[PDB]
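Please read the structure below before turning to the comments.
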Amino acid sequence: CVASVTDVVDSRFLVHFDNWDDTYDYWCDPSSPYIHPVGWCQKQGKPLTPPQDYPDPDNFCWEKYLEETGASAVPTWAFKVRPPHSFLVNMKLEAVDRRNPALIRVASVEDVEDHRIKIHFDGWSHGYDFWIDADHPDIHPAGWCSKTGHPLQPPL
Amino acid sequence: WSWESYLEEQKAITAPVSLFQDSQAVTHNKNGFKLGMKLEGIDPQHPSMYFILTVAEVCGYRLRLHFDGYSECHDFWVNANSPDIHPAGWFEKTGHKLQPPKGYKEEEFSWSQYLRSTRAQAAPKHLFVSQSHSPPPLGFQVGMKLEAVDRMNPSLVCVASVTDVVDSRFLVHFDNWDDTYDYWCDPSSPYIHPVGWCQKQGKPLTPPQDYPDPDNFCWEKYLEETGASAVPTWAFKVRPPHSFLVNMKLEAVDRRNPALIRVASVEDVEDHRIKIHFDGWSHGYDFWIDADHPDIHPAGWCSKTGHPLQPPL
Amino acid sequence: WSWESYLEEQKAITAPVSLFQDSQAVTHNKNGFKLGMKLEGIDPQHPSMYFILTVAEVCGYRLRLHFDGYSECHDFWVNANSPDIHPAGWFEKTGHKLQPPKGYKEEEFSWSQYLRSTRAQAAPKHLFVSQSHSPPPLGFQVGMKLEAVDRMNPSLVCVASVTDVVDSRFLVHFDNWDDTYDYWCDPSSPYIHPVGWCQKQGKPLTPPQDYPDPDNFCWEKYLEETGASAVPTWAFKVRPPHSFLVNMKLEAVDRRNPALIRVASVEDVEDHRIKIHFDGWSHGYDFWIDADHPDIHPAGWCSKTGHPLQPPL
Amino acid sequence: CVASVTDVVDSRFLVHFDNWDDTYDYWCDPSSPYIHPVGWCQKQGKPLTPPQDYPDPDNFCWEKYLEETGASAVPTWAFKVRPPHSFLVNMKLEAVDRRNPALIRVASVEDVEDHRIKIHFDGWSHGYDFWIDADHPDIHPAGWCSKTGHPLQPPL
Amino acid sequence: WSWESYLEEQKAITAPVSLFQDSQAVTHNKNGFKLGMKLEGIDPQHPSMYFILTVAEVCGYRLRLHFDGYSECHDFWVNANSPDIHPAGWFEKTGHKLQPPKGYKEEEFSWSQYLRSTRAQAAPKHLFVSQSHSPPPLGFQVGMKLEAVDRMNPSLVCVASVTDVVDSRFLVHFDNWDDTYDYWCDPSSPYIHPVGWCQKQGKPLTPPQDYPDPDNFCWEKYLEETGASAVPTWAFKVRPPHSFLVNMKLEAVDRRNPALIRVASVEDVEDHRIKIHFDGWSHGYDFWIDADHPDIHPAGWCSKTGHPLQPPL
């Protein structure tokens, strides 16, 4: 989708979707694999969702939207390559339980994508398995709990 | 670090607050400017022209402004109490020309439409010290003529005009030249003088560029010819020499990177200018500045407004 | 402050927009006049004469005009839709006399040369509501005669002529007098009447100053003598009495300082005039004004055009 | 205002104001300067008048209303630009008398707008002047009455 | 390309000359080294070992050295004020072993015979800053033991010995490990600590390689067994952190192509190290370097010494 930077704080910035709520916004850095330069959709083949309630949606032109909004496109040299993570299936780690975030549990890598891992809580049903970004703040190496003084939930 | 400790070890004093203009010293005003807010302001390199500007960054009582539609390389820093920025709609209400965002035409631009299209907020009016809601400076009306020192070539006193008036200040323009050499000032500016000052004082007057018979320049006939009146002599006020002394310490924006403000010292003085030295750095970076320049401040200014202070090297 | 709240606490209403002429009410036109721009206009104190004028100040939909070459004390305020200003070159194209800037001669003045010499911009034509590009008002031709009330001495109805025609308006001149008592109007003006109105109505007719045998004045022979025709009776249109009522509130320029516009109230009414009172001030400042005067406006006018509104005292 | 197409006859359609008296309905064609696609008011910053007796007049929303009503918007492409007419002030013509429509009078163009002319009947008071759309069936070129055999009322 | 123009373009500052050690900043010394001269020096990869070396190239204040008898793929660059090179005859007068040119035996090499065989000239003694004539590092004697950070594996603090003393520096050697881990330092080095430091800090101590009983390494017993003393605690000096700041610009030798020196920036700081980034290049080439390293230099060093500077990109 068509997006803007609406906030900059130290090494990070806020991605906002044009003509929408802040509900769908998210913080990231220049190496985020979720962001791309102006003209990426057309060059790659996939269609671009234009701003909500925009006049003539299927007839959306970037260069004229930019001129119109007195905005410049983020320059292509700004978008950095983050390599795929190197987590492998069955590696174990510690992860905050999303059903009760006070708790951190023994966990396992159940599956992988380029930039995401699927977490499984050891001893619990696979139904609680969830996808998470590899750089998410709520996953941690084994030992993290013990060395910081937070209880670790053992497996069931 | 701390000023208190630094002054002990250096056996020095800070320039007292009373030596500064209220506007250079004031720390208790909140910076209400926020990221993305839209406004109008002068282009520093072309001080006669106005542009649409966006708040790109805020740092304490300072902000960095971006020229909508244009490159980020032209971004510049001002203080939140800058008189050279104005609220959306100000150009239209006060007889100023808007240079619109890149790709627009002067009369194609509407604030209403622009805000709908960008979904941006205009910086609220109450943020601005200068909105042309104050009666002008005494005796300086647009079109009126005076003598003015070319600040870029200070060995020249030249034929000049007032071409802009905004609250207590006015724009000095050099006749038949670019706006590149123009500058904003007030009636107490030590750089301006009444018609007939050159002849009375002895120094020669540079007449307008490409003027017929330059050495044969007559003020009273230039005035009649241009349907202009000279600014009246009672209008030009005495500003006393500043009272800064060598070795007084203060805070100053680094001209090599204006995002930064540093510990500094008065290295030398003139009647209306001081020479700044950045403590711990080479004297080669020393620069002359007007005593009433917005980018010098009393010790403590950074700490009380929330802007980082670069300690000495 | 706010009008909405003020009307609640005072338990009053504003004069509705529909009560005003479109020209007194219109807020959606941009003021395109800019500082330093040059133009032509009438001198308010001598409404038959035209001068070169410079835009000295803009405030919302109003501007202050300066008489080139002359003192700033004669500066005056008009609205941007004033019919009494015209673009550069208008005098020459429409048969009007230019009083040139102080020190020039009528036929020594060229706009081309003046603009080259001043390096000024002429206010563009498209800014002006009145440029003589519209066919005149019906039946009022220059030289034609009528009866007119001396607005300065309203107990007099006098021999008068049309001496100027510009778009929908014309200049009423009193014969054998100064232009000092002249005034602009339209065919619906309640101050003008056809030849023979005095005799038919009963009141006496003041004949021209220094006329031979004043009490023995005959219209039909004055006409033959001056090779003039009377304005035809079908030309004089009925303007209905205005519908302003006592206590209606509105906005009005302060005559003691015309830069200012204030909250005001209708204190009293006549058929074609209202008595203005500035809310919060003494009744001693109350003044009579024509209902179609350009300097009265509906509540909200200031806010919608960008001009400050003085709240009540 | 919120409106609907309620009739289609040959090259024209009838515009109806949702839940208002049918006396406000009018016939037009795709080029009419009085109609606009759903969303036009929002795009222009103009207030939109909702249907009469709308259950929640504060928060009228087009998307919800269309869904609730089982209705589609006329697509934006259907709306055509009609060029302004070329009548000029003081041109003369023939016009039917609004007050006595049996009669057709000598008339003049008193004023112009982009799509309308103000008619003045020669010799009569300006108080009888009226605005009329330029495409209105009851204005005609000079000579129309004589050529069709209708009496023409002279000025006065 | 100029530094001045680039700095202005980037609103950037160079690291001042005052932040560098004199030896890194000095530009006014002449390079007296000439092509084909012979000398002695350490192998940078095996810093305890000494070889016969020949000047293969000179570039400003730098020279490329060739290992006599060996392949040119081992050539390396030093500055002309390098303390890691010595004049012919030095090894024999100071108790250092020579690794002779490929195919010679150590007892078989004689400088006088070699110079005669090659018909070459020995670099003159006056070129060399280090001839082992200056005062030794207080408290550090050959054979004395200490705790040292493995700079190749900096999580490890290890049993180490002083194995060489040359002028004001000494060589740290890791007991029974490859000499490739040895490094030269001075008493102020942040990488060395007195015997017992790990114990006092609660850090694990890495014992010598192949230590007979690695479980129970004990310093007292080891010192006794080895006939060795500890370097006394008083000899160890606090070195203050450097004063480089992030984004300051400088010049740095390219690690991958050491013939070249590039425009560089301080990407990050630590107390005794800076992370270097080459302007215009990928951040993947960034590297950490000790602040006292001979191959970082102030802006202007190349131009003043006559070495080409690679511009950004």
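Note that we place each Cβ from the backbone using ideal geometry, even for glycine, and neighbour counts take in every protein chain shown. Bear in mind these aren't lab numbers, they're just calculated from the coordinates by the rules spelled out.
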Under-5 Å amide H pairs with C:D167, H placed in peptide plane, nonlocal only: C:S132, C:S134
Whole-Hz couplings from phi, Karplus 6.51/-1.76/1.60, listed for the range C:220-227; x for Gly and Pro: 3, 8, 6, 4, 5, 4, 9, x
Amide H contacts of E:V195 (H built 1.01 Å from N, under 5 Å, at least 5 apart or other chain): E:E147, E:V231
Of B:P212, B:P47, B:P187, the one that fluctuates the most in a GNM where chain B has Cα springs shorter than 10 Å: B:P212
Local electrostatic count, E:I274, Cβ distance below 9 Å [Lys/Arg +1, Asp/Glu -1]: -2
Net +/- balance of residues flanking C:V157 in space, Cβ distance below 9 Å, scoring K and R +1, D and E -1: -1
Average silhouette area of the range B:271-313, convex hull of alpha-carbon atoms, in square nanometres: 3.5
Sorted by Cβ neighbour density within 10 Å, fewest at the top, the residues B:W234, E:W111: B:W234, E:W111
Kirkwood hydrodynamic radius over Cα pairs of the range B:17-116, then Stokes diffusion coefficient at 20 °C and 1.002 mPa s, in µm²/s: 148
Gain on full stretching of the segment that runs from E:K11 to E:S112 - 0.36 nm per residue minus C-alpha separation: 30.6 nm
P(r) weight above 19 Å for the range D:85-156, C-alpha pairs, percent: 25
Long-range amide H partners of E:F76 with built H, under 5 Å: E:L65
Chain C - Debye-derived log10 I(q)/I(0), Cα point model, q = 0.10, 0.11, 0.12, 0.15 Å⁻¹: -0.66, -0.79, -0.93, -1.29
Neighbour-count ranking [beta-carbon atoms within 10 angstrom, fewest first] of B:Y183, B:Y191: B:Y191, B:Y183
Listed residues B:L146, B:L63, B:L19, most fluctuating in chain B (Gaussian network, C-alpha, under 10 Å): B:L19
P(r), alpha carbons of the range E:229-313 - 10 Å bins starting at zero, rounded %: 17, 45, 23, 10, 5, 0
Space enclosed by the convex hull of the alpha-carbon atoms of the range C:218-260, per residue, Å³: 220
Those residues of the range A:75-107 whose amide nitrogen sits under 12 Å from the label point placed on A:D129, 7 Å along Cα→Cβ: A:89-90
Simple spin-label estimate for C:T94 and C:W3 in nanometres, 7 Å along Cα-Cβ: 3.1
The range E:239-254-the range E:105-156 distance, computed between alpha-carbon centres (Å): 29
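For A:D138 and E:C218, what does the FRET efficiency come to when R0 = 60 Å and r is the distance between their Cβ atoms, rounded to the nearest 0.05?
The computed FRET efficiency comes out at 0.85.
Would you mind giving the mean number of other chain beta-carbons within 10 Å of the Cβ of each residue in B:222-231, as a whole number?
For peptide B:222-231, the averaged partner shielding equals 6.
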CD proxy at 222 nm, helix term only [per DSSP H run n ≥ 4: -39500 (n - 2.57); per residue of chain D; nearest 500]: -2500 deg cm²/dmol
13 Å beta-carbon shell around E:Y70, net charge (K/R +1, D/E -1): -3
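In whole Å, what three semi-axes, largest first, describe the equivalent ellipsoid of chain A built from its Cα gyration tensor (square root of 5 times each eigenvalue)?
Numbers: eigenvalues 292, 51, 47 Å².
After scaling each eigenvalue by five and taking roots: 38, 16, 15 Å.
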Dimensionless Rg/Rh of the range C:55-173 - Kirkwood Rh, Rg from C-alpha atoms: 1.00
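What share of Cα pairs, in percent, lie more than 19 angstrom apart in the range C:137-186?
Percent of Cα pairs beyond 19 Å in the range C:137-186: 18.
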With eigenvalues of the C-alpha gyration tensor scaled by 5 and rooted, the range A:33-125, Å: 40, 17, 13
Spacing of the two label points (7 Å from each Cα toward its C-beta) at B:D286 and E:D286, in nm: 3.7
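Considering just Cα atoms, how many Å³ per residue does the convex hull of the range D:1-84 enclose?
For the range D:1-84, the hull spanned by Cα atoms encloses 116 Å³ per residue.
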Cα-derived Rg over Rh, computed across the protein assembly as shown with Rh taken as Kirkwood radius: 1.10
Kirkwood Rh (inverse of mean 1/r, distinct Cα pairs), the range C:166-261, angstrom: 16.9
Estimated [θ] at 222 nm from DSSP helical runs (n ≥ 4, -39500 (n - 2.57)) normalised by residues in chain B, nearest 500: -3000 deg cm²/dmol
